[PDB]
Every structure is written in structure tokens, then in C-alpha cells.
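K.L.:
Starting off with a structure, shown below.
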Amino acid sequence: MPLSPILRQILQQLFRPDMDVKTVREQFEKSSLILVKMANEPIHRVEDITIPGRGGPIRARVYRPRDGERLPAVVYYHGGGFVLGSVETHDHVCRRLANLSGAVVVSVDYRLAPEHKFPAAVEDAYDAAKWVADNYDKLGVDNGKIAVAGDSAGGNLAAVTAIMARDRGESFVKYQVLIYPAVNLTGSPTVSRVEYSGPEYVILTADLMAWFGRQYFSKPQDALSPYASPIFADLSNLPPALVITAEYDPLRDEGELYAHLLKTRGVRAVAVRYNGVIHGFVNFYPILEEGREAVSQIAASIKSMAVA
Amino acid sequence: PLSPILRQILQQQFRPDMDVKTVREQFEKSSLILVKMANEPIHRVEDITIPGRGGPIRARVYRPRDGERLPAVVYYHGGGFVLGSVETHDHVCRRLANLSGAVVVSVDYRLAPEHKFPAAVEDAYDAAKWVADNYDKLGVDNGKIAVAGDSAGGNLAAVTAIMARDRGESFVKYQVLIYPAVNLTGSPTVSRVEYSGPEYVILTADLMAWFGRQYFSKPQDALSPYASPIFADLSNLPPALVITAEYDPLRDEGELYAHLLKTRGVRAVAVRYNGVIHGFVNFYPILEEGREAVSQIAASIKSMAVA
Amino acid sequence: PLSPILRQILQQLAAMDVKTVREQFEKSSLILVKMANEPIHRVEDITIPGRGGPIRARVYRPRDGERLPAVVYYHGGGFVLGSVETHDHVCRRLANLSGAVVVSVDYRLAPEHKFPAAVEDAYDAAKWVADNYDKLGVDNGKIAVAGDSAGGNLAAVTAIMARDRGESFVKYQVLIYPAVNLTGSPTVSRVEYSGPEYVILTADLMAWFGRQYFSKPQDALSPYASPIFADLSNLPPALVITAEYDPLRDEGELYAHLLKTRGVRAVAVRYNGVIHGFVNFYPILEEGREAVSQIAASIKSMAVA
Amino acid sequence: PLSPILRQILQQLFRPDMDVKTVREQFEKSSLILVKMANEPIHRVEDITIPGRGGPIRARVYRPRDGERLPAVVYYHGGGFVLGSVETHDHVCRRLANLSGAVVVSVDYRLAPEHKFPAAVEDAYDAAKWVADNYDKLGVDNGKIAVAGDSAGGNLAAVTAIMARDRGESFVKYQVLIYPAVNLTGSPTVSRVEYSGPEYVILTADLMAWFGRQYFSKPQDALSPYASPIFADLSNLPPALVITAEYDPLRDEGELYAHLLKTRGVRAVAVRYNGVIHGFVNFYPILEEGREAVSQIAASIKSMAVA
């Protein structure tokens, strides 16, 4: 299927491996905020909290779409290659998710690389989800059940959080939504990785992916950890999964294989491919119909635990 | 790959010399097994008679809650233009109604070969138009009507939007096409040949050719845009959600239809469900993909996400 | 992903009545012909009496001998463009590598001669070669048909016509990214690779060719226009070459498959990283050289049979 | 779709706890059926002993015609680095020799588990270098040597080209990789999972995992570029022809390898054979795809068409 015409038009606008992390971070915030502002999403209540993690205080933003106790809970991890982003760059997606799902969304401001190498973000991701499950009365959410959700690098963090919970014999993760996740962080190529990582696709080029990996990892061998590459994990007894992939996305192949691999272990799991679009398309919902459709789908899937 | 549960299911005889009544009986019986295992509730449900140009059209109205000015979905069941009824898709409609908050009106359009094309197309338009016109008796909002259908009914849904468009009418605000047949000529796509071998069971080459013979008076009739909406003018059509399945003969054409809508300025989204075959939505009591699809469909209609 | 050198070849390609488009196709093709600079032992032009009048054909003979194998070749060009001259290099190289006499047919071009003018010429020339083997020094029982793109269509249709008459002079068919469905019925590849970025065969160019070829668009429904709708039984064994980034890729590969369903031995090979028309670029494109080498050797040994 | 006859061939039917010798016997026996039905002629053939670093290596020399300074092909049989011999691919080597005009030297490299990685790799390079060094004894042209191999043998061919390059040697002018394994880690591609279920028989998920356990001392060794050449520096390698199969687990990595070669300025062609599975070349007596492949490969070597 071809690129959606509008996306084709949006892509015609003009990164380097030598740029410093700070500059790239600032541009990614600036660019992200354009989308947030055009979304202009409402939210009934929102506040930032500090969650005590292993590596220090973790900032989280709590989006509450309505009044009431024992509300459903989503722990959300923003994308950005493990290097970029924050709760600010995905704020609109979280608000809309909250409002459509009726769930309290807790978006976790995990530690970024290269300052905090793998597994810093993984630790924060687990610590924050566990904190939400354990401190439900402070938040007015369900006792010790959450859905985990995230996009791209955040989809990795969602999958691995589920895995870490399973490895610790914890049962608080009830549902997982992986939005075009990176599940193999080794340098091993898939057809989609090579096919859609050319400069022409902009958002996730080969050069950028290589750069993210150099920031994320302290040593090559860490890419082989199942907490880095969850596609190498034992996938039994993981919670039901929705995996969203994009057609013209380097991570498409591995995303679709993860869903299948989940099923081979008897986990209920659905993979859906959005045609016509690139990696990261959910954040463009104000101007891409596919983004709106995905947020609708993700919300309703969480609300009813449709895959379970 | 095919979902593991689906591989087990697909393990196990249609003939092109079967008489329509037999195929109809077996289709209803199989379908009803799925309806029973779903065991869906509904607040209110009534069967009505819509007076169509070609005669009386039975429809089933599923009301999931109380209130006037509820949104509505006109639903067209699949079955090759030859099989099925409101009964065969009753679970899907109740579940759609419940999740969407919308009144679902499922249409028992006339079947081929007794009523060849364009009988069912004309009934599909009449039924949808009747729902619009009689919004008050239904307690539905005439400004919030969607059309939806699976397979052949996905065709009838798409064509109904076209028919309304051609008459300058605006009562279809949204269309959800669940693995629709949009090119009824024998022109192949890669998917049409790839997933139509006997081992896929549900929509085989033999089965497709047989539907075609039942539906049309002459094979050339498939060249009509009311038969093959992929050949229609597609401008000024309502926003569309197209659901496709990975292992589906109709996959390519449905994804192509979504794309062609976009090229005419119509907002449209194609989503492919991996590891599943044509017809998988009706299998939702046992396929997670099915449940996810109904969830997706209902929410997309409820919020008109694609618009 | 596209071959990098083919990226650079397309970036340098951007950088209309039929006459002008014809002349530009001729001029740029000749660049490739000259850079190939292929030798040939003997070459001369003949005049084949066809139903529609005389048909120019070029005979490439690679060696001395009577009873040589024969290939009737039909050039591409969307039924509107091209000539024996635009594909001279490909034909010379095919003959040298195969050892076969190649008879390239200068079939009548649209819009001057609408469908089925070229179909009629393609059949008449293939038959003439079969009938006139002695004056050619060829074996009338070792004739293959071959052609690229529109010429691929002509070769498939010529084989169908012979079949319809119960004639057996066509023993092998090599369809080089053929167009087998000329209707507006879409395939995924037709839409996927027909954007401006691919240059050689864009949607606009395909539509333009269709308007030139057909007197009315519904003529595409004829099985002599769209051989994918023909009965495919008892046709000669086939080699079908497709290109990965080609609108016609799906239908080419569908055609090979449907031959198999009817009991015809048939092989479909897809060349990765390349676009429609890649064979003619062989002097600067490794896929092109490989394809000519494969086609020539397949013909020589009738490997698929 | 699968070629209909291949669908038949497959339908006429390994377990991960079988011992190496039983699987070797069964592989040899079944291979020899195909060798017998080809019944290829050869002008001259004899077995020689090549002194490798790790000991004596049997090679079979197929000479298709008279003359000194004939071109040469060093050929490595497939079999997962565990099965096979010069015997199992004898027909393919004879036919390749006759069609190419080249002397073919099929190398009986050491098999795992007895001789783990990098035993076969060292034998492969040593045999090829020996051919280049002893060109006068074989009557070949030391400036027209190609490497070739199928599956595991395609890996060995690829890696031999890399080893020659790493030593500043230039005796490998051409490489033909027939559905090679170029990534021996457990990292998946779409094709690896898609076509590795039991219904494909020839190269299943269980068989692939079993081969990886035999070949490697420790699992990390697969990260070596001499085991997984797709991770190697690919600059300054010889021109490549890569043959893939549509319904093959190794399809994706094979196509990726040809492209990676291109990114480093090496001339390379990847061609996908449709309708067929891994190993299809050895089936040429009964598969048109097999005969076409042998024709293609031999002609490409003869003229060094990709160069």
C-alpha cells in the first residue's frame, strides 16, 4: 500500500550522528509540541508526582479523566529512542487515551541515555508501574492491576516491564499495548529495518537507530539481555497483548514477530498493521486519520481488555 | 504465520454442484454455533419490515440502551450474496451495539440466485434510507448514521454510500468495511490467488467462482460500479475504516480501496489483522483478533475516529 | 531497497505528442545501445508480409549454420514507442550467448495502428519465421518467442494464438516483465510502484499508453489485450522475469502461476532492487547483465521444458 | 502460491532428539535418489585429498572437457553444517560443470558436531586456496576461480570470499550463493518464522535449532562474522549472484546480504525463485525451477555476468 498522500506531503520537509544530545532533545520537544498544541486535548485533572526509584526520584504525570476511586490504570512510556522525549512530547496522546478509555493514565518520565545507560530506563519503568499498583489509594485507581502501554522505545519498556513482573512472580500487569515497539535492539537486520530506514522516511533512519543504540548501551553484549531485546525472552505467562505496527516502519517486521511469538507460548495477542503510515504516526493524529483511529483502538482495547 | 488456534480450527468439503438450499442450511448451522457460544446480551431487539422498491425487507433492530437521538449503524451481513441472514451475524450486531452505544439495524437483503444483482444493492440502499427517514420511530439521530458490513455486506455497505452520494444525499456519515469484496470481476490480485487454495477453507477459488455465478445474470455485470465499487468515482464519500485480514483473498483489494478513497480526498484508514483469515470477526468467541476487531469497529463508529 | 546505482540513475533522469516522446525514447535507448557496442556475425533486415501490410524485422545471426535455433523477439515501449533499434543491443547479446538466430519484429505502433494491429503483426511474423525456416537457416521446430514489457504481452498473446489454432511452432516463451492485464483493475504493485519517484513506468504514463493503444478503453477486456484472462492450457513452457519495483510485478508473477495451474511448466524469477525495463540498462546495471545471461541460457537449453 | 507439483512432492513427507548418524543416513539416502534420477554424465571425475590446516580434506574434481586453463568453481554442499557430502550434491556439480564449461571442485568439509565452528570455515578457505595454488595440477586458470554453495554451503562460499579478502588475496573472482544462511544467530526475520512450520518439511524451526546446537561450541560464536557474514565488513568482495526461494526461512537474510554488498560497492544480484522452498535446486530432475536455477547459475559463472 502506498504512503498516505498527506503524509507523503508532510515528509517533504528537511539529523546527523555528530550532533549533541541536548540540541536533538530540544528540537524533538519543539517539534512534538506543535502536535500537542494542535490537539488541544482537555483533561479533568492532571498533576506531576515523584515516584521513588532505584536510581533516584522518577517524575510521573497523572492524567485523570473523571472523578471516582478504583479507576482503571494505564502506565504509559513515551517513545524517543531511549534518548529523547518526555511526558510533554506525548501529553496529547495521554490525555486522549485517558478521556476515551476512562482510565487514569500515568506517563513515566524515565531516565534518558546516554547519561543513564541501559538498564536505567527499564528499572524506572518497572519501579513506576509497581509503585502505581502498590499506591492505588493515593491515585484512586484499581488495586494492583494496570495496563502497560508505550510507543517505540516506550513500547520496548512496556513489554520488558511485563517480562520483569513475570520474572518476579508479580501479577499486577494485566494488559499490554505495544505501539510500534522495538523488541530487538541488536544489529540483526530484518527486511523492514533496511527497507524503510532510508533518509526519505525521515523519522526513523538507519543513522538515527545506530545513534540511539550507541547512546543506550554501555557494551554491545547488553543488547542480548532479554530486558533489552524482549524478543529473546521466555514469553510464557505474559499478559494479553495488542501490538500496533505501521506499514512503512523499520520496526514492523519485529513487531509482528513479537505478537506471533507471544501466541506460540499460549499468550493471547493480536497484531494489527496500519497501512499507509510511518513509525511514530500515532503522535500525528491531529493531522493523520490513522493516528485518530489508533488512539480510538488502543483506548477501547484497554477499556474492555478486548484481547484477553 | 496463521494464529496457532486457527491452524487447529482449519483442519477440516464444498462442491460447485451443491444446491443452494443445502449450502444455505450448512452456513446457518455453522454460524449459529458461534452465535450461541458468544451468548451476547441486548437491552431491546425487534424485527421490522422495511418496504423496499423490490418488496418487503426484514431488518433486525438492536437497541443497546435507552434514549432518543442514539447513533445508528445499518449493518449488512456477509455470505457471498447467496448465504446468511440476520441470524448468522446476530452476535456481532449485539456486541457492536453494546460497545458502540449505537442502534444497529441489520438488513436481510434479498439473496442470489433467486434475486440477482442489483436486487440486494437496491435493498441495501432502501434499508439505510428508510432508517434515515424513520429516525423518530427508531429513536436514533439522523445525523449520526454509519453503514457497516462484512465481506459481501462490506460491498453492500460501500455501494450504499455510493448510491446515496449519487443521489446528492448525506445520511451516511461513516462507513466501516470489514474485509469487503470491492472488485467482483475475475481480475486477480496477489492475495486473491495466494489465499484461495483449499487449505484456507473459508473463501476458496471454487467458492468465489460459485458466488459469482449465483450473483450475476451475466458475468459482464461485474463491470458495474454498484457491483465493483473499486471502479466507482470515490469523491465526496464518507470517511472509511477498512479492516483486512492477512490470509484473505480480498486483502489486497480492500487495502487498495482505502488508498483510492484517500486519493480522492476521502479520509480513510486500512488496518490489516495479522495471522487470520477472511471472516475472522464472526469467530470472535474463540479468536482474540475477532474480539479486538469488534472493539475497534465499535469505538471507531462511536467516536467517528477517522472523520 | 532499490539498488544504489539505480537511485543515482533515476535522480539523473528527471534532470507531449507521440512524435516527441518517440524521439526521446529512441535517443536515450541509443545511448545504452552504443555503450553496449555488441558485435554480431551477420545482421540484416527483412520484410515480412503481414495481414496489415509489410512488417520490418531484423535478423541477428550469431554464427554460421543451417538449422539454428530461433527466437522471435518483440521490443517494449508501451505499444507506442520503440523499434528494432531501441533493443538492438539486447538482441545481439541474446543471439551471441544463446547461439540462436534472433528475429526482432518491428510491429506496427499505436495510436496510428490501434489494437489489435501489433497483435496481428506479432503472430504473422512468428508464423512467417516458422514457415520460412529454410531462407533463414533456422530449425522450424526450435522457435521460441520472447519480449519485454509490451513486447512481453505480444509474445504471450502470439503463443496463445498459435495454441488456439492447434499450431505447435512456439516451443518456449520468455516474458520479460510482461504486461498481462491491460484493464484498469488494480493490483498492489500497480499502485505501489507507479508514483513519480520511479520514472520509467508511472501511472500517468501507463494511462497515456492505454489511451494510445486502444481505440476504446473496453478493448482491454479482450484476451488478446489482456492474456491473463485467456485460457492458459497447452501453452509452451515459460520463463517469466519480474522486477521488484515494478507496477507489472504482481501480474507477471500471477501469470506464471496460472500457467502452472493449467499444467504448463513455468518458472517465475523476480529480480530484486530494480525497476521495470531494467534489462535494457545492462551496460551499467549488474541485474541487466544477469538477466540477459539467464534468458539466453534458458532459451539455449529450454531449461524450463 | 507453491508450485502445484512441489505441493505434491512435499505431501510425500525429523525429530530434535534423533542422533546425528541416523539423520546423516536418511539425508544421504534421500539425496542419492535425486542424484540417480538426474543421471548426469561427466567427461572426467576423481577424488583428491587436499591438505588443510585441520587435516586432509576430500574433494571431488569434475572436469567437463579437455584443456588446460579451464575456469573453476569451488563448490560447498549444503546440509546445515552437519549433513551431506560430495555424494549428495554430485548431480548438481556434474550439471554445473557441463553447462558452465568449468572444472568443479566439490569440497567435503568437516562436519559438526564432531568438528565445531570454525572447522568447516577453515577447510573451505584452505580448499579454495589450494585450488588457486595447485591450478597446474588441475588444469585450471587461477584467474577464473569462483566459489559457490547451497544453504550452509552458501555460507561457506560467502565466508571464504571474506577470508580471502581479509588476507589480501584475490583468487576468488566470483561468488554464487544459493539460498545461503548468512545469519546464524537466533535473531528472527519474517521469512524465518513464516516458512519454518512442519508443513514446509525441508527446513523447519526444530531442524534449524538442531543444526545451531551441533555447529556451535557455545551460542555466542554465531556472532562471529565468520559464522554470520551478514555482520562482516563487506567492502572489496567479489561480484555476487544470490539465489533465494519464495517459501524459504533464509529468504530474507539472503536478499538482505545481496543489498548490503551493494551498499559497500560490490556488484551483486539477488534473484528470487517463486513458488518454491529452500533446497529446491537439488530437486531439478522433477522441478522446472531447479533446472532453470542450474542453467542461470552455470551461465552466470561462465560469463561472470554480474562482474
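Virtual Cβ from ideal backbone geometry, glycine too; neighbours counted across all protein chains shown. Read the figures in this text as sums done on the coordinates, not as results from a lab.
K.L.:
In this structure, is D:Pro56 in a strand (DSSP E or B), exposed (fewer than 13 other Cβ atoms within 10 Å of the Cβ) and in contact with a helix residue (DSSP H, G or I) (Cβ under 8 Å, 6 or more places away or on another chain)? First the steps, then the outcome.
P.N.:
Details: in a strand (DSSP E or B): yes; exposed (fewer than 13 other Cβ atoms within 10 Å of the Cβ): yes; in contact with a helix residue (DSSP H, G or I) (Cβ under 8 Å, 6 or more places away or on another chain): no.
Against the criterion (in a strand (DSSP E or B), exposed (fewer than 13 other Cβ atoms within 10 Å of the Cβ) and in contact with a helix residue (DSSP H, G or I) (Cβ under 8 Å, 6 or more places away or on another chain)), D:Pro56 does not qualify.
K.L.:
Just for the stretch C:277-291: of the residues that are surrounded by 24 or more Cβ atoms within 10 Å (Cβ to Cβ) and under 14 Å from the mean Cα position of the chain (by Cα), which one is nearest to the other protein chains (Cβ to nearest Cβ)?
P.N.:
Ranking the qualifying residues of the stretch C:277-291, first place goes to C:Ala291.
K.L.:
Which one is surrounded by the fewest Cβ atoms within 10 Å (Cβ to Cβ) among residues in the stretch B:1-49 that are in a loop (DSSP other than H, G, I, E, B) and within 14 Å of chain A (Cβ to nearest Cβ)?
P.N.:
Applying the first criterion (in a loop (DSSP other than H, G, I, E, B)) to the stretch B:1-49 yields B:1-3, B:11-19, B:39-43.
With the extra rule that they be within 14 Å of chain A (Cβ to nearest Cβ), the set shrinks to B:1-3, B:40.
On the way: B:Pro1: 20, B:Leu2: 21, B:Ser3: 27, B:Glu40: 16.
Ranking the candidates gives B:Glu40 first.
Rundown of residues vs (1) within 21 Å of the chain's Cα centre (by Cα); (2) closer than 27 Å to D:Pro1 by Cα, yes/no style:
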position: D:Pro180; (1), (2): yes, yes
position: D:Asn183; (1), (2): yes, yes
position: D:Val193; (1), (2): no, yes
position: D:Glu199; (1), (2): no, yes
position: D:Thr204; (1), (2): yes, yes
position: D:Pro219; (1), (2): no, no
position: D:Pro229; (1), (2): yes, no
position: D:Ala232; (1), (2): yes, no
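K.L.:
With the structure loaded, tell me whether B:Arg267 is within 9 Å of chain A (Cβ to nearest Cβ), buried (at least 18 other Cβ atoms within 10 Å of the Cβ) and farther than 18 Å from B:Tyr179 by Cβ or whether it fails that test.
P.N.:
Details: within 9 Å of chain A (Cβ to nearest Cβ): yes; buried (at least 18 other Cβ atoms within 10 Å of the Cβ): yes; farther than 18 Å from B:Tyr179 by Cβ: yes.
Answer is yes for this residue.
K.L.:
Taking into account only those residues within the stretch D:64-80 that are touching a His at 6+ places or on another chain (Cβ under 9 Å) and in a loop (DSSP other than H, G, I, E, B), which is surrounded by the fewest Cβ atoms within 10 Å (Cβ to Cβ)?
P.N.:
D:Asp66
K.L.:
Counting only residues that are crowded, with 24+ Cβ neighbours inside 10 Å and among the aliphatic types (A, V, I, L, M), which one in the stretch D:89-99 is nearest to the chain's Cα centre (by Cα)?
P.N.:
Only one residue tops the list, namely D:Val92.
K.L.:
Based on this model, can you work out whether C:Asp246 counts as surrounded by fewer than 19 Cβ atoms within 10 Å (Cβ to Cβ), closer than 30 Å to D:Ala293 by Cβ and among the charged types (D, E, K, R)? Walk me through how you get there before you give the answer.
P.N.:
Working: surrounded by fewer than 19 Cβ atoms within 10 Å (Cβ to Cβ): no; closer than 30 Å to D:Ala293 by Cβ: yes; among the charged types (D, E, K, R): yes.
No.
K.L.:
Filter the stretch B:181-208 down to residues that are touching a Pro at 6+ places or on another chain (Cβ under 8 Å) and away from every other protein chain (no Cβ under 13 Å) and give me whichever is surrounded by the fewest Cβ atoms within 10 Å (Cβ to Cβ).
P.N.:
B:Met208
K.L.:
Okay, next question. Looking at the stretch A:100-147, which of the residues that are in a loop (DSSP other than H, G, I, E, B) and of a type in the set (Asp, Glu) is surrounded by the fewest Cβ atoms within 10 Å (Cβ to Cβ)?
P.N.:
Among residues in the stretch A:100-147 that are in a loop (DSSP other than H, G, I, E, B) and of a type in the set (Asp, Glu), the one surrounded by the fewest Cβ atoms within 10 Å (Cβ to Cβ) is A:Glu115.
K.L.:
For the stretch D:218-245, give me the residue count where each residue is in contact with a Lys or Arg (Cβ under 6 Å, 6 or more places away or on another chain), at the interface with another protein chain (Cβ under 10 Å from one of its Cβ atoms) and not β-branched (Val, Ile, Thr).
P.N.:
Going through the stretch D:218-245 one residue at a time, the tally reaches 1.
K.L.:
Moving to a separate point now. Which of the residues that make up the stretch D:85-99 are in contact with a strand residue (DSSP E or B) (Cβ under 9 Å, 6 or more places away or on another chain) and in a loop (DSSP other than H, G, I, E, B)?
P.N.:
Applying the first criterion (in contact with a strand residue (DSSP E or B) (Cβ under 9 Å, 6 or more places away or on another chain)) to the stretch D:85-99 yields D:85-87, D:89-90, D:92-94, D:96-98.
Across the stretch D:85-99, the qualifying residues are D:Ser85, D:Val86, D:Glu87, D:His89.
K.L.:
Continuing with the same structure: Are any residues in the stretch C:148-179 surrounded by fewer than 24 Cβ atoms within 10 Å (Cβ to Cβ) and part of a loop (DSSP other than H, G, I, E, B), and if so, which ones?
P.N.:
Those that are surrounded by fewer than 24 Cβ atoms within 10 Å (Cβ to Cβ) and part of a loop (DSSP other than H, G, I, E, B): C:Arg165, C:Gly166, C:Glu167, C:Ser168, C:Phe169.
K.L.:
Check A:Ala306, A:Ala299 and return the single one that is over 17 Å from the mean Cα position of the chain (by Cα), over 20 Å from A:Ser192 (Cα atoms), among the aliphatic types (A, V, I, L, M) and at the interface with another protein chain (Cβ under 9 Å from one of its Cβ atoms). Before you say what the answer is, go through the steps one by one.
P.N.:
On the way: A:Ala299 fails: over 17 Å from the mean Cα position of the chain (by Cα).
Just one listed residue meets the conditions, A:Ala306.
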